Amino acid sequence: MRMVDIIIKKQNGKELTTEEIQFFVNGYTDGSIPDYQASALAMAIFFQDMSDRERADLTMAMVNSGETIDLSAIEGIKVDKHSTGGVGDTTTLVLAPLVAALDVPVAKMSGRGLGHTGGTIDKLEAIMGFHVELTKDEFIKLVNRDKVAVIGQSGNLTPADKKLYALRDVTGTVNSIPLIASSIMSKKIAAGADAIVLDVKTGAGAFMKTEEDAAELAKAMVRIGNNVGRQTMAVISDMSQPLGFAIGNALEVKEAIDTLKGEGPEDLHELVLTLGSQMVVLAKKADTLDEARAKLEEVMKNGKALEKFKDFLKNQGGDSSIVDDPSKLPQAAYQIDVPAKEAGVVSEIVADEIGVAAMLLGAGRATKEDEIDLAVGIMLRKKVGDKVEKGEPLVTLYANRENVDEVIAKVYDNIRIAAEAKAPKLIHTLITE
């Protein structure tokens, strides 16, 4: 009857105690509390909300529901980035050597999984020889020595969040700030982060549609982090169009190398500097965000970020010479320009659908077992706001296949041309405290 009293307490607008929240999480996790009571509680939470203390308690109970990662043998303050991510987002690829070049320790755990493109592992494996088979001890020593390493992440983290999120998805209770914010924060805390940088996407197609909605979620997650002793900062950035030009795996390694040299697309340059600035301050490698940006800009210009990327590849078996000559990367058999049928200004690129078209070329997994061709993908040749003439290529498709008509039709259906267009501002808001 204890769960029923907990439901009624939340139903009545009361705060749940620390005891009650832990009882619920641990009993739901071990199967003693049934799905139907958890869904009832989640719906009562959807309506009644949770205080900051309840949100912190729920976050940490989910952290403590399964295995946790202890990174304390890695010297320094380990900052991790959570992004809901988006098409063309190379920030993780760029950020790891970029901030490591400032001695920010990057103890990166990632995987593969589904999506429109590969995971970080898939993208890094486009480099020949690169592999993630490290013991924890090797992983610790590589970060301590070179300040960057990647190991495959554990699959036994926050089992309570995996259960609860799946339940929320089939009961109409995803869209609750306390539930979203504790879900995201608990995964990063259980992974051993000392501090956390949030990239909260907003705009057309994103989960948070408005800057105001995204800011509300970011502030809730920042409050949780500070309440549980893991200092947290957020960037609210626009995802209405894909980031950069390259959409794929090897194509994004190639573009990331441009960004690491201080060149490459303007938007990813600005987002990487903005996110990296917060990481550098949180790790206590610069005193202000302006100073952190200056230091990041400088390791871009003097080539130390690129040098860090070479060391990182070399330490885990990859052919580092590909940084100096990215044509060594996997190339696709066919390169097909998709010419614009109309003249004007590119007014919309439906980012999620361009991602699907990339996947339909073989760039990501729709189902769990699918194979990824790391050479295929899409190069955007225009972004929102760019002028375009009839016949001028909108995108270039990189394919291992002769016929891509379905991919062509999807590109055309999801890129609009108007007489006038203005891209959204990329960086909407920063939450630094």
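Numbers follow the displayed sequence, beginning with 1.
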Checklist entry - Looking at the entry, does 271 to 279 or 253 to 261 show the higher mean C-alpha B-factor? => result 253 to 261
Checklist entry - On average, are the C-alpha B-factors higher in 52 to 60 or in 369 to 377? => result 369 to 377
Checklist outcome for this item: Residue set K295, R230, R223, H116, per-entry CA B-factor max assigned to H116
Checklist outcome for this item: Per the deposited B-factor column, the C-alpha that peaks among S39, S32, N400, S65 belongs to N400
Checklist outcome for this item: Chain-relative C-alpha B factor for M1 (record values, thirds): the highest
Checklist entry - What third of its chain's C-alpha B-factors does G27 belong to: lowest, middle or highest? => result lowest
Checklist entry - Would the CA B-factor of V407 place it in the lowest, middle or highest third of its chain? => result highest
Checklist entry - Taking the entry's C-alpha B-factors for this chain, is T202 in the lowest, middle or highest third? => result middle
Checklist entry - Looking at the C-alpha B-factor of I349, is it in the lowest, middle or highest third of its chain? => result middle
